[PDB]
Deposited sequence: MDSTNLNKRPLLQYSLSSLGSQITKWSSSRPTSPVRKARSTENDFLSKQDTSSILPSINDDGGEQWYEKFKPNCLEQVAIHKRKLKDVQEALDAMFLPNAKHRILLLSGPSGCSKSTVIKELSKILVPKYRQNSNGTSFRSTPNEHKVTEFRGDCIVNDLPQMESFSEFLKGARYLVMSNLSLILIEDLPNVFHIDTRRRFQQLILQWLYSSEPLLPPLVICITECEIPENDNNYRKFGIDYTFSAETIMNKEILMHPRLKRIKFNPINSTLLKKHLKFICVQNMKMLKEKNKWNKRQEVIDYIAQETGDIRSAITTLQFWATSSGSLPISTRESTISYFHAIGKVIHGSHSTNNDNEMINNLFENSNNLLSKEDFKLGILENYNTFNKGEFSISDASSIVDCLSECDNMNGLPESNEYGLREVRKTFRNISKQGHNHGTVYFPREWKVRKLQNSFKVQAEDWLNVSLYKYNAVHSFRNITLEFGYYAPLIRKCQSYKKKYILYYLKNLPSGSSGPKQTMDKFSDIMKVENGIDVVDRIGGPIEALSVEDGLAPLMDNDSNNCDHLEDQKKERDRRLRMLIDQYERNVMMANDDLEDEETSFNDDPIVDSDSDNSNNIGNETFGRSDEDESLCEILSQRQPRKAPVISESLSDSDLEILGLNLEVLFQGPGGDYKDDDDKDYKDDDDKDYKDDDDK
């Protein structure tokens, strides 16, 4: 019945699941805080779940509190509970006495009912009063916040929404942001828990296949507690426990090639819809059909059938995702392909839609167009619209600049303006690349260079600003 992570909770500061950089930064900040003439009174840690926020604080406190305690144990962290049945103010007033020989770190992981506006205002006022307190001798205050949202305070409960601007940018408040545990540390901790449970693992004969699952756990999430719970559940369970691409392949094949177990189109359509509604609800399915219908008879069918299929797909698209649209489209596809099926099925490779690649290329084109617009504005005092860039300046201007640069290089006042072209900050290649064709995405590629392109654009913008 007892849980594993509680049994094997960290005992020292060396087995804490957190990166060394964050641990060192927190330790240094906390040590500087304990100094008599400290600069921060409240230490605010804010991060996602399972980041060892309170655990690291407790481990550091166990060694730090005795150092600064004055002459007059187990009261290292006087944590406050948000379900104690105005309590926060009384707790603050009581902790105020916990100074000198009564030194005790204060930890506020659990927060009070801050949903109502009045409660949030009271909490903010109390925090501001604590920060404005003139008492030279005050106890440490540590506030740990876990970030979560469900896409205002209702939408998100991050640090930004919990305290006002005066506290967010307070000159005497240190805010630290944690990071999820990396794969290596999680794997190390999981294998340590294993090394501990070797006895039961050998008794159940699961020692040989532990490495086959641990990696998956380490690759699932960076939450130490959740990973340990999952490992314990897997070790305890005697069964086998853990797709979309296979379902997509089967659905596309049944829609186009058709099923053999059931000869009734209506029954197959109804069963497929009932069993798999989410897969067909997404618009991409239609695109997939458009990308896969030509595979029927390796494209050896009359153009009339293809025209009818495409017209139906367009009509279904115009229906704006109604339940009848998918029914109608699939029934057209099945009926059309059944009338020209010779004897059997030729299960060709299923190709995913190319829409995602087109969207990525469009995003890259937009980034390049923005960079070109910035360069034009900051080097020639010219402003052009996005449509003009896509239609007119996308091709003409790069060609002109390339010709001018080639002439400049060949030469080195008939060409005086030509040599003024600066190779470094002038676009000479057509924006978006040559317009030749786009190949089919045979590979899975369920889905970055966009971030690198944006960084490059920012660097060029800074260079132009320096020039300007």
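- Annotation: deposited residues 1-62, 135-143, 157-163, 230-238, 330-333, 504-520, 556-563, 585-696 are not represented by C-alpha coordinates in the model.
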